[PDB]
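Engineer: Opening with a subset of the complex:
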Amino acid sequence: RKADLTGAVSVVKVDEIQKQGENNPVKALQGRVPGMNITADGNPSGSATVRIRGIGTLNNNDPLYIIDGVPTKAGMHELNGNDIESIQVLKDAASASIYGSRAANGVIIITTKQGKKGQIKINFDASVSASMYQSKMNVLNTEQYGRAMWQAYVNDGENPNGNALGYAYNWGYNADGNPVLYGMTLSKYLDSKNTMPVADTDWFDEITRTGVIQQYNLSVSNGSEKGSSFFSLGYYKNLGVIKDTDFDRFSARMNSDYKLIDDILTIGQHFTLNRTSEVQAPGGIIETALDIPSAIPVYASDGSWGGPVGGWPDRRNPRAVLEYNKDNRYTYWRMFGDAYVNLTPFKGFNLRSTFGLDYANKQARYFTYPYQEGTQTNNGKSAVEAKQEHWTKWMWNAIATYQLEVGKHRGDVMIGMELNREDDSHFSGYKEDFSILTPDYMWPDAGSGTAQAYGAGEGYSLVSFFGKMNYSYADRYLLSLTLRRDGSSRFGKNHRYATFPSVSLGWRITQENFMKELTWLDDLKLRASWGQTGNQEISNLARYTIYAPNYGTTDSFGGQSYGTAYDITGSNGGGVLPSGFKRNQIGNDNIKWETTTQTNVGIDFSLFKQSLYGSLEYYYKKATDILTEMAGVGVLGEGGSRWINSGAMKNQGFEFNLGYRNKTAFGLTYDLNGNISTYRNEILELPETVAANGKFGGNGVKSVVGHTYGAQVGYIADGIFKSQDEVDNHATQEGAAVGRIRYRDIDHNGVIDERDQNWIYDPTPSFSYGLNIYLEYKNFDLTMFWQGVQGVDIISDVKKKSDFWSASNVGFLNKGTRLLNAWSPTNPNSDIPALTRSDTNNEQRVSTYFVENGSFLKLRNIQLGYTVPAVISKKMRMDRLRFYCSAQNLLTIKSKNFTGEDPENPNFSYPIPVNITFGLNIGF
């Protein structure tokens, strides 16, 4: 039963959601909803990014979740997802407008479990899983690194023995004169102090482990003709594949409802309290592991952490970084409550008053230990940073609803007044100069150095007056009209309030009397909708010209702190310097709501007595007056960025969902749920400065207007040179040589320059599809979910560090294994450019070489279960006893054009492991 019945609403089967055994319920439905993309890195937490109906605005695109009627935007990884009874995604503006003023990016409606009338249920779910690291990037070992360095040296024509890295090469020339390597030897110690012995270290294996996931849920549900209740407890723990990274969560939910008199005075509440403790991986840990050469030992001769010495590249020890980061644990208390009262003066009138609260409290204590890894050190700096953050949101809602059933005319009239009110704050203390260097001793009182205090606060409010009218004739013609008047504190008084209408029409064709002979066609419905929604998800301080006293106490990398503190006297400090103010942004009093107009046309069908069901949707979204933060013109200086309504986005999309469930003669019940979706995104208008800086695409070379959001312009790589004749015949370019990348001459001017660039990257897949298969046979249930993406291109940064030598900022870094298969006179059958120590050709430029085909098809979740026969369970007094074994991310298929691995995560983000899970469910 859809909550709108006349809009683009997707109902997710919650039973299949819990099968995947994911902490985040949103991550579970990664590819089960058409036109809704979920991207998850693979960290122990269930944090993921959601994009509904593509990219719809130049602002925050997270959809508005609704739990028990209370809206929010925080991720669901911090809430217990095992007590959800229904999930509905409202991807249509007309249908989702009535649920809030933040519905521009879509609304996901989540309903929690409630006690079923007249019965009691208890469910205990246990789950133990092992997560294994699968996407192991192949990097050069010691011998391979030496061979690659020798190849680069001989290709450049330099002496390979001058590497000054302890490698001594015995080599010569063949009959054709091409250099050949006979053998290599290494010095025992990398430094003259004999403190860093040479070793063959697998850094990826050193920093990875086999994670353990535990999940225990216990829920009890109570129903009656007269009231109901529900109490759930949950514990989740996930150890990541990366060492010293973990995430655990305790959860307790209590829901209840009471009916007084006979039917009047229905008072209900839903509350949940969660406590999540997490240690996250340091930024660029995978990059650090990939960059550091395998010759560096984990431990030095004296037992301290190993590190680069002499001429080895400056990279920290990833194991040491993980060890020092294991104490950066943060605790997060989440609190989602709601209490509502419903009054019924007579049969058709309802008055609902609702109060919802969301309180979040985050406490963290970060430590900075002194480290000395060879030549890598922080000058013995030890510090503590105690940070506290508070978020407090509350919403009050009043709803008046009237229903009439006059003849064949059904009429629902609803009005509503809503207030939303959010306040955020944070403050932190910073201390230095510690002695014991242990988390027990590192407290700000125990410090003996410079101290810093940081602190800020913000907030906003929203007011909404909405109305909804639904008319039904003969249960065949449906009309819906909703109107919203929304105001926010982020806008000035003149442009505070805005009006948004939406209309929906629906015709149940099967109800018409002219096709009663079509017995096979069980149900057919055609619906259309045209709606407008408002977007105001911008910075709270958007219309003010901000001047802030930035003294410079905040840590900055590179010294570009832009602080306001100058030693005007010239005494080299020694006290409190005079300070001032700096401009952060220029105010704009003409900012108003961004208007997103959505037109949707859908056809729902069901054939063969509800056996073959499905839906087909086509949508057109047009966002105008987009509140974008334009940067300064360049001579406007600091604080030149300002918010302006100068945007325009278009999204044209198709979605198709199908489902076929049927039994078999010998007792097999098969259910197939297929889904496919495609969309095209375009930017029609954009501010000149925004298009110039290329923050939304174009790389600052060409304007992204008229092209897909995020599209990138680069050169075109027409293979590599294989002879001097090819270099001479090709158009002249700097650094052209044998074995170097050849770049196409777009304008045919005879010279390769910055004007020889074109659109090369389009981050829009041709189509994304999913398929769920459920088989039941003799108490055996098998679930198999496949997700595929076709026609998507990806920019690969790992390729830049695997197909080239000395293509990074610093040289002598560790590279990929496939680098060994580079072009050479001895090995002409290769497309990888020849190794070189100098990037004369400038191959780090954006080009089609780094663009790879990201199409993939992976088995997201497979599960085989066994249900104990009812007689044995009744003997053991359990109403339902089930066991199951599942595999998540077990298998994947990728295109041959993708040189790397894991097309879903082709970069240095958190890896996605393979989960092998065993679980049991008891229904006492």
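Structural biologist: Done, it's in. Residues are numbered from 1 along each chain as shown, chains lettered A, B, ... in the order given.
Engineer: ok, which stretches of the stretch 151-300 of chain A are helices?
Structural biologist: Ranges of helices in the stretch 151-300 of chain A, per DSSP state H, counting those that start in this stretch, are A:203-207, A:285-291.
Engineer: Go through the first one and flag the buried ones.
Structural biologist: Pointing back at helix A:203-207 there. For helix A:203-207, the neighbour count (16 or more other C-beta atoms under 10 Å) marks A:203-204, A:206-207 as buried. (C-beta placed from N, C-alpha, C; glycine too.)
Engineer: In a markdown table: the residues you listed, plus distance to residue A:521.
Structural biologist: Putting the buried residues of helix A:203-207 into a markdown table (distance: C-beta to C-beta, whole Å) gives the following:
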| residue | distance to residue A:521 |
| --- | --- |
| A:203 | 62 |
| A:204 | 57 |
| A:206 | 63 |
| A:207 | 59 |
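Engineer: Closest one of these to residue A:719?
Structural biologist: Closest approach between the buried residues of helix A:203-207 and residue A:719, by C-beta to C-beta: residue A:204, at 31.4 Å.
Engineer: From residue A:286, how far off is the closest one?
Structural biologist: 8 Å (C-beta to C-beta, to the nearest Å).
Engineer: how many neighbours does residue A:580 have?
Structural biologist: Residue A:580: 12 surrounding residues under other C-beta atoms under 10 Å.
Engineer: got the contact list for the spatially closest residue to residue A:433 that is not a sequence neighbour?
Structural biologist: Distances taken as C-beta to C-beta, 6 or more residues apart in numbering place residue A:449 nearest to residue A:433, at 2.9 Å, with adjacent residues excluded. Applying C-beta atoms under 8 Å, 6 or more residues apart in numbering to residue A:449 gives the contacts A:383, A:431-433.
Engineer: Buried only: go through the residues you listed for me.
Structural biologist: Buried by 16+ other C-beta under 10 Å: A:383, A:431-432, out of the contacts of residue A:449.
Engineer: got those as JSON lines, with secondary structure columns?
Structural biologist: Shown next, in JSON lines, are the buried ones among the contacts of residue A:449 (DSSP: H, G, I helix; E, B strand; the rest coil):
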{"residue": "A:383", "secondary structure": "strand"}
{"residue": "A:431", "secondary structure": "strand"}
{"residue": "A:432", "secondary structure": "strand"}
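Engineer: quick one: which of those is nearest residue A:586?
Structural biologist: Lowest distance from residue A:586 to those (C-beta to C-beta) belongs to residue A:383, with 35.7 Å.
Engineer: I figured the closest one was touching residue A:367, is that so?
Structural biologist: Yes. Taking contacts as C-beta atoms under 8 Å, residue A:383 lies within contact range of residue A:367: 7.4 Å.
Engineer: picking that back up, considering the contacts of residue A:449, which is situated nearest to residue A:132?
Structural biologist: Checking the contacts of residue A:449 against residue A:132 with C-beta to C-beta, the nearest one is residue A:383 at 36.2 Å.
Engineer: and that closest one, how far is that from residue A:876?
Structural biologist: According to C-beta to C-beta, residue A:383 and residue A:876 sit 58 Å apart.
Engineer: likewise residue A:583?
Structural biologist: Distance, residue A:583 to residue A:876, using C-beta to C-beta: 72 Å.
Engineer: for the stretch 451-600 of chain A, what spans make up the strands?
Structural biologist: Along the stretch 451-600 of chain A, counting by DSSP state E, counting those that start in this stretch, strands occupy A:452-473, A:477-488, A:497-507, A:521-535, A:546-548, A:582-585, A:594-607.
Engineer: How about the stretch 751-900 of chain A?
Structural biologist: A:758-761, A:767-777, A:780-790, A:793-795, A:851-853, A:856-867, A:881-894.
Engineer: Parallel or antiparallel, which strands does the fifth one pair with?
Structural biologist: When pairs are called by DSSP bridges, strand A:851-853 turns out to pair with strand A:793-795 (antiparallel).
Engineer: Please give the element, helix or strand, for residue A:734.
Structural biologist: Remark: residue A:734 resides in no helix or strand, with elements defined by DSSP states H and E.
Engineer: show me the contacts for it.
Structural biologist: A:752, A:840-842.
Engineer: and chain B on top of that:
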Amino acid sequence: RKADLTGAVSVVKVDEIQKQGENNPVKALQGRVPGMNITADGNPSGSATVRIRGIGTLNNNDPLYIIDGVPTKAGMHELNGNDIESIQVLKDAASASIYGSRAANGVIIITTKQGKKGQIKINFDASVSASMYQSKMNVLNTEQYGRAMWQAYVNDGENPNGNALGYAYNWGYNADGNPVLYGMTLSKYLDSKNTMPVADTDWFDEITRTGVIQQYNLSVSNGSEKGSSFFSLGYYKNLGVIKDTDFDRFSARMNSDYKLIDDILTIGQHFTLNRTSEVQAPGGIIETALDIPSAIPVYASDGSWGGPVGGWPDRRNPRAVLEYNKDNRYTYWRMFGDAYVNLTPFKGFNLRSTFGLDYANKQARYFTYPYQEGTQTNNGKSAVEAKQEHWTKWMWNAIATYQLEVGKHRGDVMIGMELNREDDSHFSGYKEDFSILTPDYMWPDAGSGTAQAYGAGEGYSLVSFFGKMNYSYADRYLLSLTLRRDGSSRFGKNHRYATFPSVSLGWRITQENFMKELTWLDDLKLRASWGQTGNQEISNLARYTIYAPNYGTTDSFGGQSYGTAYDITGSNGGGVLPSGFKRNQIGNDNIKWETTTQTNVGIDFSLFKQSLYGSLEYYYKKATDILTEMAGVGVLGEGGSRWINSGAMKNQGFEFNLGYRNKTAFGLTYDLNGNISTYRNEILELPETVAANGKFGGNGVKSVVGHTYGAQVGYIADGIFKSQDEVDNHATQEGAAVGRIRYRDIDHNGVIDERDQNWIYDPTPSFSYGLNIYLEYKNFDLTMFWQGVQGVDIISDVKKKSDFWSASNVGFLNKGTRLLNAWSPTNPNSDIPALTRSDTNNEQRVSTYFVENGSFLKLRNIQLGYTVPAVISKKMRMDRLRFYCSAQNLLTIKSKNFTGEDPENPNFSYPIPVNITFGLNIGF
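Structural biologist: One more chain to add, chain B, which I have set with the ones above:
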């Protein structure tokens, strides 16, 4: 129904508790429990101090509250007290031992409301009250202040015109030569700059107001044969009589229980969430208001805050202090949850597993605004202090219980394992040098001065193995035996665990067959108990020799920060000085549990068919091996304090409770509940250093061993001198003169010195009593509660500032009105010493003059209510509709020997106002 039936247990009628309409339920039963003293200052919060059975130890004496089986020690002012169904105070060690290892100071058992089986109830309570400031200290006005100063000047023989305060006196001599004042005049401006005009300011009226108290509670309760639930919402707000001080609290409680199978698997939970926001009064605000003379105007000529100028005494403006303190608001989130599961393998066996959690989160932001009140200033210092505190306690409990009913023998055997685990932390950031000077702008990021970071953490754990055996023969002979094995993390491994036994006997004399002819004697029971309990409420870091790197970043008054930072180079600072460590305390590995042995004998009676009931109890408490923090010997230096088991306290007490309820011929139902209690406290052993410093009594002159806790030694004032002959005849003393205090010569050596001191102060009342009267007549219910204390002495500090002139640290301060009635040749009929500007006689010394009789009898609460007749309520569908008007602290009677006012609060603490409340209860 008592939960022990064989110990000293007092059951408090919760219905009478809610009548007083107090936020703190503990404050409501201030004098309704024998042998239990409640002291409340009168602040908007319900915070109060509880002492059960007198002072029982030299450590923290707060009793252990128990809510829904979870123990705690936090005050109940931060929890909703309107959803309590039963309150039981266990004042006996034997009865309260089984409830925890922290039962040395008594256990208060609080049970929350739960849904009554087979029915639904909703109650809505509204209450609006006005609090009026009654204890207005009478201080001298401008003319009275001038007259008093002139009298002091003429008594001292000096020229009254040299006061240099703008007072010009026209005066002369009478026939007898005694000075007489004819008139006085004042300069218009107190300073030569004409910025502080003279005025007659009533500072007490200026800083006080009429407070408004609002209370709104809404509870719903759900019962069934098969499960139950309860949901309560509450809002409280109290504006104190002192301006810019307030306290509000939101509360939400959800309780539920579910029964599975038939009777096995009973799963229940009780959760409550509270949010209290409070602004407290600054320290010594009443003292500041009393000290500042009335001549100082509230506002200056330019509109700024008025302040002392010229020779006026240095005192801040209390109104300015309150105005600057109005932004020091702290928010406190309290979280008390519990979840339990009960299993019944068969009829007599029960297994209960309980998990309780208490999470408290306090966030505060204090501001230091620059002030310039005449000559009072802070050199334009502006600062912000953002403080965060976290408390997290959790308890796990396992209980196995077996019951047997063999013939007339009833046997209960219970064993239990309990773990308690508490962790506390706090951290704060400090910033300076602000410009706008508003709470919106004062954030640590906006500061431009020196920053400080403070932070600390601590915690402890408790393990308990307890057993309880109850045997009943013929329902006439009762025996109870409990044994506890308790260990704490605050002790070393050798002395970690301790064993505590307790035994209880009971005989129902009325059940014997030899007195069946005594029909009037309905019930009679005689019980005895001997128990031992353990006390370990000490500092967590008690056995460790503490060395801390106190750099000195903490603010200190007077400069005695004892910081560790020295400019060893001699450059007047300019950087980070070298630091070190200092000793905080000396460890003691021999510390163990403090053993409190309690012997109780009680007689319970009920006569005339449960019409005249009552109880009489006698108790003897002996605490030995008391963990006391002895100070250093004096040459041991800093950190010489250490914890040692060298204490011994004795408490001998009597309690008597009586109750008589009966109807009348014409339809009047009268119920009287009287209570009386008395106790004597003594200290038998004490460390030599502790007795020398006199922290527990004696004022450092004589050892408190063998005397009451808190007893004070001082001189004896034998009136005042009235002639030179009296001075000559009396023993010689320094400063002796006409009109000065005469001090008794205790040792008869002819000279008054420091050896002429004796025990003068004993802080133990002769007896404390209470009386509750409840009258019902024709839908009119009248409640009247009186509380009286007799035989208590109080040290008065207000008297020192009201009966003497220039008796404070600084001169020319404002004094009390009764100072005008001082002894003089013109007014010989007075006992107040003559005014003087020099304290030559040293009348500030501790003496019997400042000891006053604190006996009082006050009407704590009176309430008149009207209940709507049942027919009208049934017409309006309400099951019960009631209105009421009440007065709290309306009337009091004090002894004539008490010169001041409000004997309950005879000092500069928060005043106790008179509350006039109107409330309604609806039982829809």
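Engineer: Chain B added, so what about the contacts of residue A:449 now?
Structural biologist: A:383, A:431-433, B:576 (C-beta atoms under 8 Å, 6 or more residues apart in numbering or on different chains).
Engineer: how about 6 Å then?
Structural biologist: Applying C-beta atoms under 6 Å, 6 or more residues apart in numbering or on different chains, we find residue A:449 in contact with A:432-433, B:576.
Engineer: Against chain B, how distant is the nearest residue to residue A:744 once chain neighbours are set aside?
Structural biologist: Once flanking residues are discounted, residue A:744 sits nearest to residue A:716: 4.0 Å by C-beta to C-beta, 6 or more residues apart in numbering or on different chains. Between residue A:716 and chain B the distance is 48 Å, computed by C-beta to the nearest C-beta, to the nearest Å.
Engineer: returning to that earlier point: sort out which one of the contacts of residue A:449 lies nearest residue A:828 for me.
Structural biologist: residue A:432 (59.0 Å).
Engineer: nearest to residue A:829, of the contacts of residue A:449?
Structural biologist: For those, the residue nearest residue A:829 by C-beta to C-beta is residue A:432; the value is 58.5 Å.
Engineer: Can you give me every residue that contacts that closest one?
Structural biologist: Residues near residue A:432 by C-beta under 6 Å, 6+ apart: A:383, A:447, A:449-450.
Engineer: ditto for residue A:615
Structural biologist: A:604, A:657.
Engineer: Quick check: which element contains it?
Structural biologist: Per DSSP H and E: strand A:612-624 holds residue A:615.
Engineer: Report the distance from that strand to the chain centre.
Structural biologist: Relative to its chain's centre, strand A:612-624 lies at 24 Å (C-alpha atoms, centre = their mean, to the nearest Å).
Engineer: can you tell me if stretch A:544-552 touches chain B.
Structural biologist: Yes. Residues of stretch A:544-552 contacting chain B under C-beta under 6 Å from any C-beta of the partner chain: A:549, A:551.
Engineer: What separates the first and last residues of that stretch, distance-wise?
Structural biologist: By C-alpha to C-alpha, to the nearest Å, the extent of stretch A:544-552 from end to end equals 22 Å.
Engineer: Name the residues that touch that stretch?
Structural biologist: Applying C-beta under 6 Å, 6+ apart, the set of residues contacting stretch A:544-552 from outside is A:561, A:563-565, A:579, A:581-587, B:446, B:448.
Engineer: Please identify which residue in the stretch 51-200 of chain A comes closest to chain B.
Structural biologist: Distances between the stretch 51-200 of chain A and chain B by C-beta to the nearest C-beta are smallest at residue A:122, namely 5.7 Å.
Engineer: contacting residues for that residue?
Structural biologist: A:220, A:924, B:260 are the contacts of residue A:122 under C-beta under 6 Å, 6+ apart.
Engineer: likewise residue A:49?
Structural biologist: Contact analysis of residue A:49 by C-beta under 6 Å, 6+ apart lists residue A:39.
Engineer: give me phi/psi at it?
Structural biologist: When read as degrees, to the nearest 10, the backbone of residue A:49 gives phi -100, psi 130.
Engineer: Against residue B:642, how distant is the residue of the stretch 51-200 of chain A closest to chain B?
Structural biologist: For residue A:122, the distance to residue B:642 equals 54 Å [C-beta to C-beta].
Engineer: now swap in residue A:535 and tell me
Structural biologist: Counting by C-beta to C-beta - residue A:535 and residue B:642 are separated by 66 Å.
Engineer: For the two, indicate the residue with more neighbours.
Structural biologist: Taking neighbours as other C-beta atoms under 10 Å in any protein chain shown, residue A:535 and residue B:642 compare with residue A:535 leading, 24 against 21.
Engineer: List the contacts of the nearest residue to residue A:215 once chain neighbours are set aside.
Structural biologist: With sequence-adjacent residues excluded and distances taken as C-beta to C-beta, 6+ apart, residue A:215 is closest to residue A:127, at 4.0 Å. By C-beta under 6 Å, 6+ apart, the contact list for residue A:127 reads A:21, A:215, A:917, A:919.
Engineer: tell me which element residue A:127 falls in.
Structural biologist: Residue A:127 is part of strand A:120-132, with elements assigned from DSSP H and E.
Engineer: Partner strands of that strand, with direction?
Structural biologist: Partner strands for strand A:120-132, per DSSP bridges, with pairing direction: strand A:211-222 (antiparallel), strand A:914-922 (antiparallel).
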